Structure formats: structure tokens, C-alpha cells
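With compact mmCIF, C-alpha atoms inside, this is work-v7.txt:
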```
# COMPACT_ATOMS: atom_id res chain seq x y z
CA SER A 88 19.33 175.23 132.46
CA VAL A 89 16.94 172.86 134.26
CA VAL A 90 19.42 172.22 137.07
CA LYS A 91 19.95 175.99 137.27
CA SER A 92 16.25 176.49 138.03
CA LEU A 93 16.25 173.68 140.60
CA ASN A 94 19.26 175.11 142.46
CA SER A 95 17.76 178.62 142.48
CA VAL A 102 10.55 171.60 149.65
CA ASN A 103 14.21 171.24 148.67
CA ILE A 104 15.52 169.31 145.65
CA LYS A 105 19.19 168.50 145.03
CA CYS A 106 20.47 167.94 141.48
CA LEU A 107 23.69 166.12 140.57
CA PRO A 108 25.87 167.60 137.79
CA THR A 109 25.35 166.23 134.30
CA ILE A 110 27.61 163.31 133.37
CA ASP A 111 28.52 161.94 129.97
CA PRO A 112 29.67 158.36 129.25
CA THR A 113 31.52 159.53 126.13
CA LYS A 114 33.47 162.06 128.22
CA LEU A 115 34.66 159.18 130.41
CA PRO A 116 36.95 156.14 130.17
CA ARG A 117 35.39 153.44 128.02
CA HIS A 118 35.58 150.59 130.55
CA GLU A 119 34.52 152.57 133.64
CA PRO A 120 30.78 151.98 134.23
CA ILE A 121 28.24 154.67 134.96
CA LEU A 122 27.43 153.43 138.47
CA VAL A 123 30.95 154.01 139.79
CA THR A 124 30.88 157.49 138.23
CA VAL A 125 27.45 158.44 139.59
CA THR A 126 28.59 157.41 143.07
CA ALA A 127 31.80 159.41 142.59
CA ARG A 128 29.81 162.60 142.01
CA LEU A 129 27.34 161.50 144.70
CA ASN A 130 30.19 160.86 147.15
CA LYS A 131 31.51 164.31 146.23
CA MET A 132 28.67 166.27 147.83
CA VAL A 133 28.13 164.14 150.94
CA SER A 134 31.84 164.35 151.75
CA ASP A 135 31.71 168.11 151.21
CA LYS A 136 28.73 168.53 153.55
CA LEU A 137 30.46 166.42 156.21
CA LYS A 138 33.55 168.64 155.95
CA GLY A 139 31.27 171.63 156.55
CA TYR A 140 30.00 170.20 159.83
CA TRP A 141 33.52 169.36 161.06
CA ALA A 142 32.69 167.63 164.35
CA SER A 143 29.39 169.43 164.90
CA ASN A 144 26.37 167.62 166.35
CA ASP A 145 25.86 164.05 165.06
CA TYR A 146 28.72 164.47 162.58
CA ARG A 147 29.99 160.98 163.44
CA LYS A 148 26.52 159.44 163.09
CA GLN A 149 26.11 160.43 159.44
CA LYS A 150 29.78 159.75 158.67
CA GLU A 151 29.98 156.16 159.93
CA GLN A 152 26.62 155.19 158.44
CA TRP A 153 28.03 156.57 155.18
CA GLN A 154 31.36 154.74 155.41
CA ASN A 155 29.68 151.37 155.98
CA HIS A 156 27.24 152.01 153.12
CA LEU A 157 30.13 152.81 150.78
CA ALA A 158 31.91 149.63 151.90
CA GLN A 159 28.81 147.51 151.27
CA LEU A 160 28.51 149.04 147.80
CA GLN A 161 32.21 148.40 147.13
CA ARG A 162 31.86 144.67 147.83
CA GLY A 163 29.23 144.68 145.07
CA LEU A 164 31.23 146.85 142.65
CA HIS A 165 33.88 144.26 141.75
CA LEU A 166 31.36 141.84 140.23
CA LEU A 167 29.76 144.47 137.98
CA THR A 168 33.09 145.18 136.28
CA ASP A 169 34.24 141.55 136.54
CA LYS A 170 34.30 140.01 133.07
CA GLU A 171 33.43 136.42 134.03
CA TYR A 172 32.68 134.27 137.07
CA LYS A 173 35.45 132.95 139.30
CA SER B 268 20.94 135.58 177.17
CA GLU B 269 21.79 138.64 179.27
CA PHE B 270 25.15 139.36 177.62
CA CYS B 271 23.91 138.94 174.04
CA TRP B 272 20.98 141.20 174.94
CA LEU B 273 23.23 144.05 176.07
CA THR B 274 25.47 143.84 173.00
CA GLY B 275 22.40 144.28 170.79
CA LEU B 276 20.94 147.10 172.88
CA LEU B 277 24.06 149.28 173.03
CA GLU B 278 24.67 148.72 169.31
CA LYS B 279 21.44 150.56 168.48
CA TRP B 280 22.55 153.34 170.85
CA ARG B 281 26.05 153.38 169.33
CA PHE B 282 25.45 156.84 167.83
CA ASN B 283 22.75 158.33 170.08
CA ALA B 284 20.44 157.17 172.84
CA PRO B 285 17.00 158.54 173.79
CA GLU B 286 17.09 160.15 177.23
CA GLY B 287 14.03 158.25 178.44
CA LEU B 288 15.14 154.69 177.70
CA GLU B 289 18.76 155.54 178.56
CA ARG B 290 17.70 156.30 182.13
CA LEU B 291 16.03 152.88 182.26
CA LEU B 292 19.40 151.30 181.48
CA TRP B 293 21.01 153.54 184.11
CA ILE B 294 18.68 152.57 186.95
CA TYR B 295 18.81 148.87 186.04
CA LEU B 296 22.60 148.89 186.29
CA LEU B 297 22.36 150.78 189.58
CA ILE B 298 19.83 148.22 190.85
CA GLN B 299 21.98 145.29 189.71
CA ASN B 300 25.17 146.74 191.21
CA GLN B 301 23.38 147.56 194.48
CA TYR B 302 22.15 143.97 194.83
CA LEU B 303 25.61 142.56 194.06
CA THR B 304 27.18 144.53 196.92
CA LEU B 305 24.31 143.45 199.19
CA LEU B 306 24.86 139.81 198.21
CA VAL B 307 28.59 140.04 198.97
CA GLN B 308 28.05 141.70 202.35
CA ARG B 309 25.52 139.13 203.59
CA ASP B 310 28.08 136.40 202.90
CA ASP B 311 30.79 138.37 204.72
CA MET B 323 15.42 126.90 201.00
CA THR B 324 15.37 127.75 197.29
CA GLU B 325 18.86 129.31 197.48
CA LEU B 326 20.54 125.97 196.71
CA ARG B 327 17.49 123.95 195.56
CA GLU B 328 16.89 125.78 192.26
CA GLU B 329 17.97 122.81 190.12
CA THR B 330 20.72 121.55 192.46
CA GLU B 331 22.50 119.53 189.77
CA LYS B 332 23.19 121.66 186.68
CA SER B 333 25.06 124.23 188.79
CA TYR B 334 27.82 121.81 189.80
CA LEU B 335 28.55 120.90 186.17
CA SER B 336 28.66 124.61 185.34
CA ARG B 337 30.88 125.28 188.37
CA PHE B 338 33.49 122.72 187.30
CA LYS B 339 33.27 123.89 183.68
CA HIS B 340 33.78 127.46 184.89
CA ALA B 341 36.78 126.21 186.87
CA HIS B 342 38.05 124.23 183.88
CA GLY B 343 38.04 127.26 181.59
CA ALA B 344 38.30 127.39 177.83
CA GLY B 345 40.57 125.00 175.96
CA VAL B 346 41.15 121.26 175.88
CA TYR B 347 43.49 121.51 178.90
CA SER B 348 42.03 123.10 182.03
CA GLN B 349 43.59 125.85 184.13
CA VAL B 350 43.16 124.22 187.57
CA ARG B 351 44.17 120.63 188.39
CA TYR B 352 43.46 120.05 192.10
CA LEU B 353 40.25 121.51 193.51
CA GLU B 354 38.17 120.63 196.57
CA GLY B 355 34.77 122.10 197.36
CA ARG B 356 33.22 123.20 200.64
CA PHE B 357 29.62 122.27 201.44
CA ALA B 358 27.80 122.39 204.75
CA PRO B 359 26.43 118.95 205.73
CA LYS B 360 22.66 118.76 205.52
CA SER B 361 20.36 118.12 208.46
CA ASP B 362 18.75 114.95 207.10
CA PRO B 363 20.43 111.77 205.82
CA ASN B 364 17.82 111.66 203.05
CA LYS B 365 19.16 115.07 201.98
CA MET B 366 22.89 114.33 202.25
CA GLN B 367 22.40 111.30 200.00
CA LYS B 368 20.98 113.77 197.46
CA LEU B 369 23.35 116.73 197.90
CA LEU B 370 26.39 114.46 197.62
CA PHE B 371 24.82 112.60 194.69
CA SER B 372 24.24 115.79 192.70
CA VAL B 373 27.85 116.90 193.19
CA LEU B 374 29.26 113.57 192.02
CA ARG B 375 26.79 113.36 189.13
CA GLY B 376 27.67 116.95 188.24
CA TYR B 377 31.37 116.10 188.39
CA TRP B 378 30.80 112.94 186.34
CA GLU B 379 28.86 114.94 183.75
CA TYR B 380 31.91 117.20 183.57
CA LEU B 381 34.17 114.19 182.98
CA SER B 382 31.86 112.56 180.42
CA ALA B 383 31.81 115.65 178.20
CA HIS B 384 35.61 115.89 178.01
CA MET B 385 36.87 112.31 178.40
CA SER B 386 35.27 109.88 175.95
CA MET B 387 36.15 106.83 178.03
CA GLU B 388 33.75 103.94 178.55
CA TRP B 389 31.30 104.34 181.43
CA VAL B 390 29.70 101.51 183.40
CA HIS B 391 26.32 103.27 183.41
CA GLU B 392 25.14 106.08 181.14
CA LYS B 393 22.72 107.26 183.85
CA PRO B 394 23.86 106.43 187.41
CA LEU B 395 20.62 107.19 189.32
CA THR B 396 22.53 106.87 192.62
CA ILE B 397 25.80 107.61 194.40
CA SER B 398 27.01 104.02 194.01
CA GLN B 399 26.87 103.96 190.21
CA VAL B 400 28.77 107.26 190.01
CA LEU B 401 31.55 105.66 192.07
CA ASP B 402 31.64 102.79 189.58
CA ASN B 403 31.80 105.30 186.72
CA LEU B 404 34.43 107.43 188.47
CA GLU B 405 36.62 104.41 189.27
CA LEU B 406 37.56 104.08 185.58
CA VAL B 407 39.28 107.48 185.33
CA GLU B 408 42.90 108.40 186.07
CA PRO B 409 44.44 111.86 186.62
CA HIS B 410 46.08 112.74 183.30
CA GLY B 411 47.15 116.33 183.96
CA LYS B 412 44.25 118.30 182.48
CA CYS B 413 41.07 117.09 184.22
CA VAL B 414 40.14 118.79 187.48
CA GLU B 415 40.83 116.24 190.22
CA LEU B 416 38.18 116.58 192.92
CA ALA B 417 38.07 115.47 196.56
CA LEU B 418 35.15 116.95 198.48
CA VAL B 419 35.59 118.48 201.94
CA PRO B 420 32.40 119.15 203.94
CA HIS B 421 32.71 122.15 206.25
CA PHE B 422 30.85 122.69 209.52
CA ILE B 423 29.40 125.89 210.98
CA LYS B 424 29.60 127.51 214.41
CA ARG B 425 26.45 129.04 215.90
CA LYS B 426 25.95 131.77 218.47
CA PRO B 427 26.39 130.76 222.14
CA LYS B 428 23.07 129.65 223.63
CA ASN B 429 22.80 129.79 227.41
CA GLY B 430 22.42 126.65 229.48
CA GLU B 431 23.12 122.98 228.78
CA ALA B 432 26.07 122.95 231.21
CA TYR B 433 28.37 124.74 228.73
CA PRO B 434 27.81 127.66 226.36
CA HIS B 435 28.13 125.80 223.05
CA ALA B 436 26.26 122.54 223.63
CA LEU B 437 23.28 122.72 221.29
CA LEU B 438 26.02 123.62 218.81
CA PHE B 439 27.86 120.45 219.84
CA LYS B 440 24.61 118.48 219.71
CA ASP B 441 23.89 120.01 216.30
CA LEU B 442 27.32 119.20 214.87
CA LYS B 443 27.41 115.69 216.34
CA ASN B 444 24.13 115.00 214.53
CA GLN B 445 25.49 116.32 211.23
CA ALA B 446 28.80 114.52 211.77
CA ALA B 447 27.07 111.22 212.57
CA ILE B 448 25.21 111.43 209.26
CA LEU B 449 28.59 111.77 207.56
CA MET B 450 29.93 108.76 209.49
CA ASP B 451 27.41 106.20 208.26
CA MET B 452 27.75 107.43 204.67
CA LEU B 453 31.41 106.41 204.64
CA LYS B 454 30.85 102.96 206.17
CA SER B 455 27.81 102.27 203.96
CA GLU B 456 29.79 103.41 200.88
CA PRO B 457 33.44 102.44 201.47
CA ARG B 458 34.41 103.80 198.03
CA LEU B 459 33.33 107.28 199.17
CA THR B 460 36.48 107.63 201.31
CA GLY B 461 38.37 108.70 198.18
CA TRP B 462 36.12 111.71 197.52
CA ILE B 463 35.17 112.83 201.05
CA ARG B 464 38.76 113.50 202.10
CA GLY B 465 38.49 116.38 204.56
CA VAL B 466 36.50 118.09 207.29
CA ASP B 467 36.41 121.83 207.99
CA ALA B 468 34.94 124.14 210.64
CA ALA B 469 34.52 127.58 209.02
CA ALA B 470 32.17 130.11 210.60
CA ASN B 471 34.18 132.50 212.82
CA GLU B 472 36.41 132.67 215.91
CA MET B 473 34.49 133.82 218.99
CA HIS B 474 31.16 132.08 218.30
CA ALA B 475 32.89 128.78 219.15
CA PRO B 476 36.22 128.13 220.88
CA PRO B 477 38.76 126.21 218.76
CA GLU B 478 39.19 123.54 221.46
CA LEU B 479 35.54 122.47 221.13
CA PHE B 480 36.15 120.65 217.83
CA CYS B 481 38.98 118.57 219.34
CA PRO B 482 36.89 115.51 220.32
CA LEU B 483 34.84 115.93 217.14
CA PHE B 484 37.83 115.84 214.78
CA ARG B 485 39.36 112.84 216.57
CA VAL B 486 36.27 110.65 216.13
CA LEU B 487 36.16 111.56 212.43
CA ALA B 488 39.82 110.54 212.21
CA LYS B 489 38.87 107.06 213.42
CA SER B 490 36.23 106.95 210.65
CA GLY B 491 38.64 107.39 207.74
CA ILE B 492 38.34 111.10 206.94
CA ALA B 493 42.18 111.27 206.90
CA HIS B 494 42.37 115.10 206.69
CA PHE B 495 41.21 118.00 208.85
CA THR B 496 41.50 121.75 208.30
CA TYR B 497 40.51 124.56 210.67
CA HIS B 498 39.37 128.07 209.73
CA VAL B 499 40.43 130.62 212.34
CA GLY B 500 37.94 133.48 212.43
CA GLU B 501 39.69 136.76 211.58
CA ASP B 502 37.72 139.06 213.86
CA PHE B 503 39.73 138.68 217.05
CA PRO B 504 39.08 141.41 219.66
CA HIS B 505 42.85 141.91 220.01
CA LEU B 506 45.95 140.97 218.02
CA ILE B 507 47.33 139.05 221.01
CA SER B 508 44.03 137.16 221.20
CA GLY B 509 44.35 136.20 217.54
CA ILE B 510 47.83 134.76 218.10
CA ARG B 511 46.46 132.67 220.96
CA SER B 512 43.61 131.37 218.79
CA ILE B 513 46.03 129.95 216.22
CA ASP B 514 48.11 128.58 219.09
CA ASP B 515 44.99 126.93 220.51
CA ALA B 516 44.27 125.33 217.14
CA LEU B 517 47.83 124.01 216.96
CA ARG B 518 48.07 122.60 220.48
CA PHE B 519 44.66 121.01 221.03
CA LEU B 520 43.22 120.11 217.63
CA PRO B 521 44.35 116.75 216.19
CA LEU B 522 46.42 117.77 213.16
CA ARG B 523 48.90 115.40 211.55
CA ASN B 524 51.72 116.46 209.23
CA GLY B 525 50.41 118.02 206.03
CA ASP B 526 47.23 119.63 207.33
CA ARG B 527 46.18 123.23 206.65
CA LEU B 528 44.78 126.19 208.54
CA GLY B 529 42.56 128.87 207.02
CA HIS B 530 42.83 132.67 207.09
CA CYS B 531 45.88 133.05 209.32
CA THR B 532 45.55 136.85 209.28
CA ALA B 533 46.39 137.06 213.00
```

Since I need it in another form, could you write the structure as C-alpha cells?
Amino acid sequence: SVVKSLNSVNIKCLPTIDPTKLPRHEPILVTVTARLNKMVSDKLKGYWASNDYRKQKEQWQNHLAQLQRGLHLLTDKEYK
Amino acid sequence: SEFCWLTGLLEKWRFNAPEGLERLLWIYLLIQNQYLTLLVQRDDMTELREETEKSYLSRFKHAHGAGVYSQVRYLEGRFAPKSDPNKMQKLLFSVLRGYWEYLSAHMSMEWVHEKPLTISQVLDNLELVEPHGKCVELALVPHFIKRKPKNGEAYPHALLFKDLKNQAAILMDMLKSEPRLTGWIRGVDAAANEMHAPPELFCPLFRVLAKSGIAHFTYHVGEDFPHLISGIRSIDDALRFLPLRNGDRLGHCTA
């Protein structure tokens, strides 16, 4: 209900997530980015080569890549 | 410094560029390109005395190219003889020191002197090297200049002849004072233009340099003949009158 009021300054709310309703060994941070990557991709599809569509897109792709190179260690069991 | 600057600048404008500062880049490129065309056209003092020695090392390195083995083997440079003997002993010294600095960086052979301080010690250092197929072999060739015809003096190009005989004489005593220099000063050239001096004028000049151990002479026919038939004659004049043994070269035979 709280997110319903917020959707109705502008504030964006991400849909509720539940670790129990998820695979046991998949961390929260990969899931929160999955939902977070959901919207930003959707908004980029809406622009579809409008003004500065590339600017936001490429700055997003690099940021996702930099996060990915830090995502393997979080799930990694030990040091190698 | 310039190239690394521009890579950084355009990277911050990779997505968008403010109109104000973008125009600054536009005019600077237009100013740079305009000067480059101007510099080329004037060719076809502090100009050479900036540092006068680091350039020659950079020039040979630029000729050598990247990699352990160079791209050019045989290379001779053109340089106008200076007016004063105290200057020729410096201009020639900086070239040889620059060339030796090129050789020292690549070839880790023993050198007689780490710092030569003079032409003579460079010759001692350069006598220990052999041409092994990747180092740029150098044999300098000073080139003369032809001036505009000045009236009087019993023939139109006489102050020119008096000017060149002075410059040539300075070259003469360098070879006899430094007999080892005959291996690096191997040629003589006359490269200004065609009409400003007849080709037959250099005939007595080249002959006296032949008796002084130059051993090679090249002429540079000016390619601005007033008529195609005149251009053919000019090359014919160079052939007939100039002293040219077998194995010499002409320059810019566009006629």
C-alpha cells in the first residue's frame, strides 16, 4: 500500500522482493540490481534513439560491467 | 603532450560537447591547419638554433621507426653550409653527436668516449661500428643554394660565386684538418632552382671539390623551366658540362 501511495518532487519505488521467494544461493544484491536494471532498460526502450539516448545507455553499460567484475567475489566461496 | 591532451579532451566530449568550448577546438584546428599550409608553401636565426642537437637524434629515431630493426638502411641528409667556420664546426658536430646518440641507444658496443665534446671524438666513437643491416647508415651531403642574379661584377651570378666559394672553402679545410671526415661528408649538392643560376656555373666549383676528396656530386635541376624544350636543355647542360663520374645522381628530372 505504501508503494501505491508513492506511485500515485518525484519518488520512484522498486517492487517488493522476498529472499524466501528466491533461490537460496542467489544473493539479494544481484536480485535488487535485476529489478533495478528492469526499469532503466524499460525507460531506455521508451526513448528509442531520442536525444542523448546513447549517453545514458553507454554510461549504464559500463556501470553494469564494473558492478559485474565485483559480483563474482561476493558469491565466491573462498579466495583463489 | 599534445596528442595525449587531445585524447583526454575528446573523451569528455564523447557523448556531448558544449557549443562554446567546441568552437574553441574548431578555431584552434583551423589555425593549426592554416599555419601548416603556410609553412609548406614558404618552403616550396632561431629556426634551426632552438636546441640544435636533440632534433637530429629525434630525426634519425623517426627515420628508424618502431622495432629493433629499422625501416631505412641508407640515408643521407642535406644541410646548407654555414657562413662561419666556427659555426660549421658546430653544425656538423651536432649532427654527428646526434647520430652517435642514436647509435649508442640501440647498439650497446663499447665507446671510446662517453661524451665526445668535439667532432674528433665522435669519429673515434663512430669508427668502432659496422653496418649490420638494421642501423641507419649515414653519409652527410651538404647542399648549396643559388641566389637571385645581382647586376654587375662582370657576370650576373658573381656575388653568388663569391658566396659559394667562401662556403665551399670552409668545407675544404674541414676535410684536410679532419681526414676521417671524408667518410661522412661524401657528397655535394646545388639545390635551389633552375633559372636563378645556370647549371654550367657550378662546373669549376664541383671540379675543385673533386680534387679535395668529396668523391660524389649531385645536381638538382630546378623544375620551373619557362618551356619544356628549355627544361630538356637544362638537363643536357648538367650532363655535358658538370663533372659527373659513373654512379652520380640528378634531382627532380621532371623535364

- Item | 8 Å contacts from chain A to chain B using all atoms listed in the file, as a PyMOL selection string | chain A and resi 145+147-148

- Item | Contact residues around range 153-169 of chain A with all atoms listed in the file at 12 Å, ignoring same-chain residues under 2 positions, as a PyMOL selection string | chain A and resi 117-124+126-127+129-130+133-134+137+146-151+171-173

- Task: Would you work out the distance separating CA of residue 406 in chain B from CA of residue 370 in chain B, expressed in Å to one decimal?
- Result: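 Distance between the two atoms: 19.4 Å.
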
Write out, as a tab-separated table, each residue of range 333-378 of chain B that has an atom at most 10 Å from range 408-418 of chain B, together with the closest pair of atoms and their distance in Å to one decimal, counting only C-alpha atoms, rows going by chain and rising number.
```
residue	atom	partner	partner_atom	distance
B:338	CA	B:414	CA	7.7
B:339	CA	B:414	CA	9.4
B:341	CA	B:414	CA	8.2
B:342	CA	B:414	CA	6.8
B:346	CA	B:412	CA	7.9
B:347	CA	B:412	CA	4.9
B:348	CA	B:412	CA	5.3
B:349	CA	B:412	CA	7.8
B:350	CA	B:414	CA	6.2
B:351	CA	B:414	CA	4.5
B:352	CA	B:415	CA	5.0
B:353	CA	B:416	CA	5.4
B:354	CA	B:418	CA	5.1
B:355	CA	B:418	CA	5.3
B:356	CA	B:418	CA	6.9
B:357	CA	B:418	CA	8.2
B:370	CA	B:418	CA	9.1
B:373	CA	B:418	CA	9.0
B:374	CA	B:418	CA	9.4
B:377	CA	B:416	CA	8.2
```

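The gap separating CA of residue 502 in chain B from CA of residue 361 in chain B is 27.7 Å, in Å to one decimal.
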